[PDB]
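Here you get one chain, nothing else, as C-alpha cells; it is the form deposited in one PDB entry.
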C-alpha cells in the first residue's frame, strides 16, 4: 500500500525526470515528513503506460495528458495516512492525493 501525490500540469508536461528545482524541492519537502519512508517520482508518460496496461480498453480513448506526474509515497504506517493526506493538500504544488 502506497500513497500517490499528484503534481501540477506544467510539471507534468515539461519535467519527465523531476529535475526542475521545484519538483526536487517538493520531493525533499515530502521526504521531511515524520511519517514518510520513501518517495518515488512517476512521470506522466510512465503513469499513462502503467494504467493503459492494467486496463487495455482505453488505449485509444485516453491520452497521457489526463495523467498527472506524481510521487509514489511509502508511509511509516499506511493505516495512519490522514495526517499525511492533510499536509499534502495544504502543500503548494500538490494537485491532489489519491483517495
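Residue numbers count along the first chain shown, from 1. Throughout, rigid core stands for the largest set of C-alpha atoms superposing within 1.5 Å between the two forms.
FYI, the form deposited in another entry isn't displayed, but the following is about it.
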Aligning on the core only, does the CA of residue 37 end up 2 angstroms or more away between the shown form and the other one? no
Classify residue 87 as shifted (yes) or not shifted (no) between the shown form and the other one, where shifted means its C-alpha moves by 2 Å or more with the rigid core superposed. no
C-alpha of residue 64: shift of 2 angstroms or more between the shown form and the other one, rigid core aligned? yes
